[PDB]
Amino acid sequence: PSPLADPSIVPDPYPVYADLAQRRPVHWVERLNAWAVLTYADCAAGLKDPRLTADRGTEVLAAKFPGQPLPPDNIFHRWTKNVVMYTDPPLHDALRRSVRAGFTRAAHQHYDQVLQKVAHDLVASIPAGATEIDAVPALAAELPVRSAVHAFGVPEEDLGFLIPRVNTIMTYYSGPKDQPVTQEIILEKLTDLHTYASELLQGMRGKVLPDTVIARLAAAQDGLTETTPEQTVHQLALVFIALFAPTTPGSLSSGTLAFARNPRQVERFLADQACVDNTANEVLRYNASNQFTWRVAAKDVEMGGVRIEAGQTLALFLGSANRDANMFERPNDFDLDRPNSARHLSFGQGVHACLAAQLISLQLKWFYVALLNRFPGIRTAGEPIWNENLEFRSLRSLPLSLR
């Protein structure tokens, strides 16, 4: 019976992942209704294997809410079948092109400057007499919300509507454990994000800051020719979910912990710009926030000596792949001098590689620039405590001393 379904692995899964990558690199996890895939080689190729489809909302819903299917007209199916995350090419590619205006080279030139300032301002807000901080609520949870506002264009005044709704929706992705929130409630909040997205663009909600992702997307709508208004609304809903997911906080907090525990890496960062430049990727490699991602077999495939039949579900363990010693020597070392950290799988790979990958790496880079030049002596001030979630894994508490 798979140790991947044991809640006790979440604080430190890596010894279990390493053992299973060796002995059981592909194996069945009953609680996921899926084949777990543990090695870098199999995860990276699986992400780019056209025999594995991203059209998986049916299968994954059946895994998470067995006995509770939904019809094709239900918001769950209309959303999944009309967003980049859960579509294959060619539709995927039309949907991705339709959001290009938010993510151009010029746009990221602007976001680089916004994020530098946002992170600067966050860290500068920590009072002089503060030696202790819980880096989760104070910093890791906070930076992504300030980025959502200033770089993405989510109105600040609408955060009270969005934050709790995304937190509810995100319980869908609770890993191999009982669902804490009913399907009915999740679908209601998913519906609510669609209403909000459409009303935001109509000017019925908050004010979107200029030159942000959402402002750019809004201005692009008149020129779209291969997608529909409903598709834009579906895609915004996904964007809201991704913006307020625990992914970015977990990356910030797990990287902060890594620095706290590895002071010579602080020294490296302050000594060598190449180590700065590699910080986002080494942090992303060191702990994938999304530890596994889902696929379905569109055709029979063979992986890890297992024949996976068309229609079966797979869980590609990005978090295990990132610490596979065959790809990353001494994979449990947090090492800014590592030469291949950019090979991590935390943003996936290929067709569905994270749309926000550059935005998030800029956010991480500027955070650590600000934090570590202010407070190079960061250390633990108690036990870091993890959320009870393997799928989207993150710290709930990170007590630190700043000096």
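Start at 1 and count along the sequence shown; that's the residue number.
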property: Segment of higher mean CA temperature factor, 269 to 277 or 252 to 260; result: 269 to 277
property: Stretch with the greater mean C-alpha B-factor as recorded in the entry, comparing 59 to 67 against 368 to 376; result: 368 to 376
property: Highest recorded Cα temperature factor - choice among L217, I75, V296, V233; result: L217
property: Selection by C-alpha B-factor (highest) of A106, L143, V84, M170; result: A106
property: Third of the chain's Cα B-factor distribution that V283 belongs to, per the entry; result: lowest
property: Chain third (lowest, middle, highest) by recorded CA B-factor, residue given as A34; result: middle
property: Chain thirds of CA B-factor: placement of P180; result: highest
property: Position of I360 among the chain's modelled residues by C-alpha B-factor, lowest, middle or highest third; result: lowest
property: CA B-factor ranking of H150, expressed as a third of its chain; result: middle
